[PDB]
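Heavy atoms only: backbone and side chains are in, while hydrogens, waters and symmetry mates are out. Residue numbering restarts at 1 for every chain, and letters A, B, ... go by the order of the sequence lines.
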Amino acid sequence: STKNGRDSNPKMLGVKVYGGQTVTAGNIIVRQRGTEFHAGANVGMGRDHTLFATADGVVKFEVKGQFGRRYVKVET
Amino acid sequence: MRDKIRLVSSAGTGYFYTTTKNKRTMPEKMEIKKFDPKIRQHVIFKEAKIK
RNA sequence: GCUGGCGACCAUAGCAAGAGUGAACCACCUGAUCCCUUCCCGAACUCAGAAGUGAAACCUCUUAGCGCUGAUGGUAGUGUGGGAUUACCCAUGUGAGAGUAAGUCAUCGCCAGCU
RNA sequence: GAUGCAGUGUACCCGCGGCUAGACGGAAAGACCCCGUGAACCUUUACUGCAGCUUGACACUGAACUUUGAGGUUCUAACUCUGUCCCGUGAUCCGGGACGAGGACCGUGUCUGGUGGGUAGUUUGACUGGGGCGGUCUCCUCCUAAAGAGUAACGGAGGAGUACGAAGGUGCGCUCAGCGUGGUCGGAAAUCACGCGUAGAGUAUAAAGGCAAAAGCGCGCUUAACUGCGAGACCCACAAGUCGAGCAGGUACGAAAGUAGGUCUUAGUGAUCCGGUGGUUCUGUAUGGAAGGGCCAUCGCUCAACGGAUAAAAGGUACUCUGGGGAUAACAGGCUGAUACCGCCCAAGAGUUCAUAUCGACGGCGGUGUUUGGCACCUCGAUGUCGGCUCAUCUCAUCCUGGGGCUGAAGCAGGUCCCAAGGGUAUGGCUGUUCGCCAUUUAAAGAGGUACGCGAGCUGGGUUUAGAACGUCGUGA
RNA sequence: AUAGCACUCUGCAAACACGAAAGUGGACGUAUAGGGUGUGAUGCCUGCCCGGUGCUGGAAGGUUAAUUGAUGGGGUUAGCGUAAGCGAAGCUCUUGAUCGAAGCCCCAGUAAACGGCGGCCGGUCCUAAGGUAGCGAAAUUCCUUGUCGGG
RNA sequence: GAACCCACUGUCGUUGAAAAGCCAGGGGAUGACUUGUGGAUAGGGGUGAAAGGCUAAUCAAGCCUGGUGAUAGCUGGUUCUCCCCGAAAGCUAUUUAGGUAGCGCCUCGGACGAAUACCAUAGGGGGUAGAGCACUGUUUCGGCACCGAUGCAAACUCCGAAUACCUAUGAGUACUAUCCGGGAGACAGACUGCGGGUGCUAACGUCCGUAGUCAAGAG
RNA sequence: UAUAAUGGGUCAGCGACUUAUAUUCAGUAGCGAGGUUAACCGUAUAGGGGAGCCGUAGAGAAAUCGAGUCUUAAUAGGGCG
C-alpha cells in the first residue's frame with residue numbers, strides 16, 4: 001500500500017490581460033501567488049497580490065528600476 | 001481550544017458582536033470600544049456568555 | 001569650469017587600486033545653556049556656534065585588475081510534408097546555450113551658488 | 001483453434017456394414033466466480049417492535065382493635081374452592097340451596113418500570129488490473145503537466161481539521177547570518193569591542209511563489225478584527241468561491257499629504273431540515289391582547305463514506321433461489337517472454353609445465369515456447385475431468401544400435417564434439433497419484449508437442465454438493 | 001436410540017404443554033411419582049479454577065416509573081395612574097420540591113451450570129487457576145514417507 | 001432357515017418392461033415384529049429412535065383461488081416507402097461506478113447579418129526542448145571547507161527557442177458568429193503516429209495530452 | 001463478428017407506444033383590450049345559464065405602497081420592474 005495519492009485543486013493563476021489590450025477600471029490583470037509583477041501607474045494591488053486597473057487605458061509591461069523588477073501599468 | 005463569546009453594547013440597544021478567546025491567558029472579562037449602528041456612536045462593549 | 005539639491009537610467013554605467021580638491025559649498029569640528037535625546041552613553045537625533053583640519057568622508061581623475069557587455073560562422077533543438085523506428089535522414093521555414101574576435105572606467109534634464 | 005477467406009494439393013456419380021477424431025456435437029437462458037441499493041431461511045452482547053413473564057399505583061375492596069405515614073392482631077359480609085350433602089334428574093357438565101375450609105389476600109381491568117432471538121420487520125458503503133484481506137474517501141504545496149488555463153493512475157514526495165487583543169491599526173526608528181582577531185571564570189559554541197566578505201538569517205506552521213517604501217525586527221498611542229454599500233472583473237454544471245477603486249456615517253494614529261473593512265499569500269472545514277438566545281415602526285382565524293409564525297443577528301455536526309439515503313441498524317448459507325455478465329475470475333486457446341530451459345562471445349584461473357584434453361570466475365549476446373508468472377482478446381441461452389486403461393501421431397536439443405574428428409587416445413574401456421529419426425526403447429513393492437524412493441532386469445529403459453493427445457472409446461481411486469466425527473477458529477449460525 | 005449414571009425443577013387446583021377463553025393432557029398418577037438437560041453396558045475412575053456469563057441466597061445503602069402537586073415565573077381585566085406604567089381576585093400556560101416498587105450497582109455460594117487450565121528469556125511477569133491419573137505421529141502431528149524394530 | 005418385512009455388493013437397464021426395476025448374492029425372521037379395517041393431529045402449523053426427514057410422483061415453510069396486469073436501474077422483441085441534416089463514449093456530482101442529473105457535442109423554429117473563421121502585419125507574457133553549474137544536491141582526479149581541472153538532475157536554474165495562446169488592423173474566400181425557444185441521443189470506446197507516467201524502453205498491457213481513421217464509410 | 005457468440009425446422013393466421021384527465025410549446029380558425037362558459041335547464045348538437053378562469057402591473061417576508069417599490073440615517077448607491 002502506498003503512502004502517496006494526494007493533491008490539491010487547481011487555482012487558475014496567470015496573466016489575464018496582455019500588452020496592447022484596452023481595459024476598464026476594476027479589470028483584473030494578473031493573478032499571482034507572489035509578487036512576480038509589480039504595480040505601476042494606474043494599477044493597484046490587492047491583499048493576495050492581485051493586480052488590477054484603476055483607470056481606463058491600455059496595458060503595458062516593462063522592466064524598470066534598480067532591482068530589475070517587472071512592472072505593469074495602464075496608459076490613459 | 002478557544003471559546004466563543006459575545007460582546008454586548010453597553011448602551012442597552014441589544015446589539016452584539018461575536019468572537020473567540022483563550023480562557024487561560026485571558027481570565028478577566030473583555031472590554032473594547034466598538035461602533036453601535038443602533039445609535040450610530042462608538043461605545044464600550046463588554047463580554048458575555050454566548051449561550 | 002567647480003559646488004549643492006532633485007530626477008531620467010540601472011554595471012559598456014559596478015567593484016578594486018592609485019592620485020588630487022578648501023575662495024565658496026560640503027565635510028569633519030567646539031560645548032550641552034534653553035528645545036529635544038539614548039531600554040545606558042550629546043555614539044546617533046537636536047539645539048547654540050566658528051577656534052581648527054581637508055586627516056577621515058564625499059566628490060573628480062587615471063588604470064582593463066576583477067566584474068559586466070558581446071559579434072560572425074558552426075552545433076543542439078524545432079513547426080509543416082515525406083522516409084525510417086535507440087530517436088535518426090531528406091525538402092522547406094526557424095534557430096539557441098556555451099565558447100571565440102572584440103568593447104567598456106557611462107550618458108542626459110531642472111534649479112541655486114562660485115569664478 | 002476455419003468444410004465455406006488466401007495460396008496450393010488431391011478428388012468420376014450413389015449406397016450398405018462398421019467406427020467415434022471434428023462439426024468448440026445434442027440435452028438444461030452455468031449451479032463455480034462476480035454484479036443487482038434482488039429473494040428466502042438461520043444466528044447473535046446489530047436496530048426497532050410485539051407476545052409471554054414480572055413490579056408498583058388506581059378500581060372491584062369491607063369492619064373492629066394496636067404500634068411507631070407505615071406495620072401488626074382479629075372478624076365476615078364482597079370474592080375463591082378441579083371439598084361434602086340435597087334438588088332440577090334417569091346426569092363426575094351446569095344452576096340453585098345447606099355446610100366446611102379460606103378471605104379483603106389471591107385474581108382480573110386501566111396505567112406504569114423491568115426482562116424479553118420466543119416471535120416479526122429490516123439494515124449490514126464504494127473504489128479495486130476478478131472478489132476478499134490490506135489501504136483510501138474532505139482541504140493545502142511541489143512534480144508528472146508537453147514555456148497561457150486545464151489534464152489520469154492502488155504514480156513520486158510532504159502538510160491541515162489550528163494560533164494571536166496582540167502575533168491587529170498607525171507614527172517613528174533599526175537590519176540578518178557567517179568567519180577572523182583580541183578580551184575572567186568561559187570553553188567547539190554564553191556576553192564585549194573591532195574588522196572581512198557576504199543574503200547563505202528571518203517571516204506562528206508544510207512547500208511554493210515572494211519580501212528594502214523591507215512583507216524581517218523594536219517602541220508610544222490605540223481598536224478599521226467598524227456600520228450601509230459597491231462601478232468593474234476572475235473562476236465556475238449548479239450550489240458555492242475570489243479581488244476590488246469609490247461613496248456616506250462614526251473612529252484610531254500622524255504637524256501633514258495620508259494609512260487602516262484583521263494577520264506576506266495560498267490549508268485550519270459542513271448545505272438543508274429541526275430546535276435555543278437577543279432585537280423588531282411585520283403578522284395575529286369575531287374584536288382587544290396573547291400563544292404561535294416572519295425578518296435581522298447569533299448558537300447546537302470526526303453528518304471525516306466530509307453534495308451530508310433514517311432520529312435510530314451486525315453476521316451465516318455446502319440446505320439454497322431468481323434476474324444478468326465472457327462488461328469480470330478458476331480450465332484449455334491467444335499476445336508477451338520477466339522467470340525457465342538451450343546455445344554462443346571474452347577469458348582471471350584449475351589442469352606436475354600447458355586458458356582452450358576436460359572444467360572455467362567477473363562480465364556480454366541470442367534461440368525456443370516444455371516451467372512459475374503478466375494481460376483479460378474468445379467461450380458463463382455450459383468449450384464439463386487429476387491420474388489410470390485402450391489406441392496413437394509428429395519433432396530432434398539422440399537413450400541403444402550405425403559413421404566420424406580430438407584426447408592428459410598403449411590395449412580393453414572412458415571423456416568431449418560433429419553426422420544421423422530406419423527400427424527399437426522393463427516388470428514389480430509403497431502411495432489416488434503424475435513424480436519419487438526401493439528390488440531385480442535390459443543393447444537401451446531419451447527429452448518434448450499433439451485442448452498439460454485420447455472420458456458422444458472404458459474407469460472414477462483424488463479434488464469439489466447434500467450425512468457424520470476429530471484438531472483448530474468463532475458467543476453463535 | 002438404548003438399559004445404566006448424574007444434575008435440576010415440581011407439595012398437587014403440581015411443575016410442564018395445548019388453547020383467545022372455557023377447558024384438556026400430565027393422571028383417575030402423588031417425591032421409590034412427574035417434567036427438563038447431559039452422558040451412554042461393564043471394569044478402573046472422573047484433577048485444578050467461582051475472575052467472566054448464568055443460577056441461588058442476602059442488603060436496605062445509591063439510582064429509578066406511573067401517581068401526587070409545595071414553590072417560582074408568565075397571559076388576561078376590575079381598578080390606580082397626566083402619561084409611561086402599575087395592577088389584586090377569578091380563569092389559564094408553565095415550572096416542578098416531597099412520597100414511590102421491582103430491576104440494576106454491592107456481598108456470598110454454585111462447574112456431572114455455560115466456560116478456562118499462561119506467557120517471555122532455572123528465572124521473571126501475569127493470572128481465577130496454570131493439566132492429576134491415563135494416553136500419545138492418534139478418526140487429533142504442519143514439518144513428515146519423524147526415528148527405531150517386525151513383516 | 002421358508003412365507004412375510006427390508007435394502008448391503010455387482011452386472012444390466014438410462015428416448016427403460018419400470019418417472020427408482022429385474023437378475024445373482026445379502027439382513028431380520030416371538031418381537032423396540034409385520035399387517036387389514038376405521039379414526040386423531042393442518043402450514044411458521046403437524047409429526048419426527050433427528051436425515052431439515054415426511055405432510056397425495058411437490059417441502060429451509062404444501063396446494064388452490066384472490067390482492068394481481070406485484071416490482072425488475074436487467075435480458076429479449078418492436079411490423080410500409082422516399083427526401084434533408086447528423087452525434088457521443090467527455091467534465092462535475094451521486095450507497096455512484098453497466099443507472100441518473102446539469103454542462104459539452106446533434107436537430108428544428110424564431111430573431112439578427114459580418115459582430116466569425118482562415119492568412120499577413122503589429123503588440124504581448126512565459127520557463128518546456130536544448131543547454132549550463134550562478135543556487136540546492138550529487139561525481140572523479142590533484143593542491144592546500146577552500147583553489148585548478150571534470151561529469152550529472154522530474155520535484156536544480158546564471159540562460160533559453162520552435163510551436164501554441166491573447167489582442168488590434170487589413171485583402172480575398174465562405175451561410176460564419178451570437179441570442180431566444182421545441183425535441184433528443186450519449187456519459188463500455190478501439191487502433192496508429194508524436195510527447196510522457198507505470199510495466200521489463202514486455203504485451204493486440206494500463207493511464208494521460210495531441211492529431212488521423214474506425215465506430216457511423218463503400219471503392 | 002463468416003465467426004466455432006445469441007435467436008429462428010417450414011408455412012398460414014394472431015402478436016407490442018394506447019386511453020382519460022391536467023399542463024407547456026408549435027401550427028391553424030373565430031373574436032380581439034378583451035376572450036370564454038361549467039354544472040344545469042332545454043321534445044335537446046340550437047337557445048338560455050357570467051358563478052368562475054385567463055389576460056390587462058410590479059416591488060416587498062409582510063403590513064403597505066404603486067409606474068414604481070425594497071434595502072438604508074440617506075433624495076446616495078444598488079436589486080427587481
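- With both hydrogen-bonding distances under 3.5 Å, D:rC127 and D:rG135 qualify as a Watson-Crick or G-U wobble pair.
- Its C1'-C2'-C3'-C4' torsion being negative, the sugar of D:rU61 is assigned to the south family.
- Nearest nucleotide to the side chain of A:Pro10, out of F:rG124, D:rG150, D:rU265: D:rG150.
- With ring centres under 5.5 Å apart and planes tilted under 30°, the neighbouring bases D:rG289 and D:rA290 are scored as stacked.
- Stacking of the bases of D:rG117 and D:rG118 is not indicated, since the six-membered rings fail the criterion of centres under 5.5 Å apart and planes under 30° apart.
- Using the Watson-Crick or G-U wobble rule with both distances under 3.5 Å, D:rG83 pairs with D:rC99.
- Looking only at distances, no side-chain donor or acceptor of A:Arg69 sits under 3.5 Å from a matching main-chain atom of A:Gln66.
- D:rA177 is unpaired under the criterion used here, namely a Watson-Crick or G-U wobble arrangement in which both key atom distances are under 3.5 Å.
- With D:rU266, D:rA212, D:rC211 as the choices, the nucleotide that has an atom nearest any side-chain atom of A:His38 turns out to be D:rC211.
- Looking at heavy-atom distances under 4.0 Å, A:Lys60 makes no contact with the nucleic acid at all.
- Residue contacts for A:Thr35: at a heavy-atom cut-off of 4.0 Å it reaches a base atom on one of the strands shown.
- For the neighbouring bases D:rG349 and D:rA350, a stacking contact is recorded, both ring-centre distance under 5.5 Å and ring-plane angle under 30° holding.
- Note: the hydrophobic cluster containing A:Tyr71 does not contain A:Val30 (ILVMFWY, side chain heavy atoms under 4.5 Å, direct or indirect links).
- South is the pucker assigned to the sugar of D:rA225, its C1'-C2'-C3'-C4' torsion being negative.
- Remark: bases of strand neighbours D:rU440 and D:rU441 are stacked by the 5.5 Å centre distance and 30° plane angle definition.
- Residues from residues 6-41 of chain B placing a heavy atom under 4.0 Å of any atom in RNA chain F do not occur.
- Nucleic acid contact for B:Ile50: sugar-phosphate only, since backbone atoms but no base atoms lie under 4.0 Å from a heavy atom of the residue.
- In the set D:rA149, D:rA163, D:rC299, D:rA149 carries the atom at the smallest distance from any side-chain atom of A:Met12.
- Remark: D:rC274 base-pairs with D:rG300. Criterion, Watson-Crick or G-U wobble with two distances under 3.5 Å.
- Contact annotation: the side chain of B:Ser9 never approaches that of B:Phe16 to less than 4.5 Å [non-hydrogen atoms, C-beta and beyond].
- Among the atoms of the strands shown, only primed sugar atoms or phosphate atoms (P, OP1, OP2) are found under 4.0 Å from some heavy atom of A:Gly46.
- Base orientation of E:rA137: syn, since the glycosidic angle falls within 90° of 0.
- One hydrophobic cluster, built from ILVMFWY side chains closer than 4.5 Å, holds both B:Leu7 and B:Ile39.
- Both A:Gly19 and A:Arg70 lie close to RNA chain F; mapped to their nearest nucleotides by heavy-atom distance, the more 5′-ward contact belongs to A:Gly19.
- Considering only side-chain N and O atoms, B:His42 lies nowhere under 4.0 angstrom from the phosphate OP1 or OP2 of D:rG249.
- The side chain of A:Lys16 sits closest to D:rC235 out of D:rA231, D:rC235, D:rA208.
- Rounded to the nearest Å, the gap between the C1' atom of D:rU43 and that of F:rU92 is 45 Å.
- For C:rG18 with C:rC61, the Watson-Crick or G-U wobble criterion holds, each of the two distances under 3.5 Å.
- Between D:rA152 and D:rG230, the two P atoms lie 38 Å apart (nearest whole Å).
- Between B:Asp3 and B:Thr20, the closest side-chain pair of non-hydrogen atoms is not below 4.5 Å.
- Taking a cutoff of 4.0 Å between a charged side-chain nitrogen and a carboxylate oxygen, A:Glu75 and A:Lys73 qualify as a salt bridge.
- Using atom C1' as the reference point in both F:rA57 and F:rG21, the two lie 16 Å apart (nearest Å).
- For the P atom pair drawn from D:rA237 and F:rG104, the interatomic distance equals 10 Å after rounding to whole Å.
- Of the possible donor and acceptor atoms, none in the side chain of A:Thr35 sits under 3.5 Å from a partner among the backbone N and O of A:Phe37.
- Between D:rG121 and D:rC47, a Watson-Crick or G-U wobble pair is formed, both defining distances falling under 3.5 Å.
- Pairs passing the side-chain hydrogen bond (donor to acceptor under 3.5 Å, both in side chains) check and including a residue from residues 41-61 of chain A, sequence neighbours excluded, read A:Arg31-A:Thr50, A:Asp48-A:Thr50.
- Using Watson-Crick or G-U wobble geometry with both donor-acceptor distances under 3.5 Å, D:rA311 finds no partner in any strand shown.
- Residues B:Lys4 and B:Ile50 are in side-chain contact: their nearest non-hydrogen atoms beyond the backbone lie under 4.5 Å apart.
- Among the heavy atoms of the strands lying under 4.0 Å from A:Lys64 are primed sugar atoms or P, OP1, OP2 only; no base atom is included.
- If you check distances only, the side chain of A:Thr24 never reaches the base of D:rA233 with a donor-acceptor pair under 3.5 Å.
- Comparing atom distances between the A:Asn9 side chain and each of D:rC143, D:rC139, D:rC243 picks out D:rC139 as nearest.
- F:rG181 has a positive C1'-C2'-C3'-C4' torsion, placing its sugar in the north range.
- Heavy atoms of A:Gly65 sit under 4.0 angstrom from at least one base atom.
- Between the P atoms of D:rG209 and F:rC159, the separation comes to 15 Å (whole Å).
- Following chains of ILVMFWY side-chain contacts shorter than 4.5 Å, one can reach A:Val15 starting from A:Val59, so the two form part of one hydrophobic cluster.
- Regarding contacts with the backbone of D:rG165, a side-chain N or O of B:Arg2 is found under 4.0 angstrom from either OP1 or OP2.
- Here F:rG25 sits opposite F:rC8 as a Watson-Crick or G-U wobble pair (both hydrogen-bonding atom distances under 3.5 Å).
- Looking at heavy-atom distances under 4.0 Å, A:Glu36 makes contact with sugar-phosphate atoms alone, never a base.
- Across the protein-nucleic acid pair, A:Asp56 atom CG and D:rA233 atom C1' stand 13 Å apart, rounded to whole Å.
- Both conditions of the stacking definition, centres under 5.5 Å apart and planes under 30° apart, are not jointly satisfied by the base rings of E:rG69 and E:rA70.
- Between A:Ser8 and D:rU141 there is a side-chain polar atom (N or O) within less than 4.0 angstrom of OP1 or OP2.
- A positive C1'-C2'-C3'-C4' angle places the sugar of F:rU35 in the north (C3'-endo) family.
- A:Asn4 comes within contact range of at least one nucleobase, with a heavy-atom separation under 4.0 Å.
- The bases D:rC192 and D:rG182 are paired, Watson-Crick or G-U wobble, with both atom distances under 3.5 Å.
- Going from atom CG of A:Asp7 over to atom P of F:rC207 covers 20 Å, rounded to whole Å.
- With its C1'-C2'-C3'-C4' torsion below zero, G:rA44 shows a south sugar pucker.
- The nucleotide whose nearest atom lies closest to any side-chain atom of A:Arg47 is, among D:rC211, D:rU263, D:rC264, D:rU263.
- Interface remark: the A:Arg6 side chain does form a donor-acceptor pair with the D:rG158 base, using a distance-only criterion of under 3.5 Å.
- Nucleotides of RNA chain F nearest to A:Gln21 and A:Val15 differ in position, and the one nearer the 5' end is that of A:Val15.
- No cation-pi contact links B:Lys33 to B:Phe45, judged by a cut-off of 6.0 Å to the six-membered ring centre and 45° from its axis.
- Residue A:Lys11 has a polar side-chain atom (N or O) positioned under 4.0 Å from OP1 or OP2 of D:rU141.
- Under 4.0 angstrom from either OP1 or OP2 of D:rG232 there lies no side-chain N or O belonging to A:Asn27.
- Applying the side-chain hydrogen bond (donor to acceptor under 3.5 Å, both in side chains) rule to pairs touching residues 42-51 of chain B yields B:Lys21-B:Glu47, sequence neighbours excluded.
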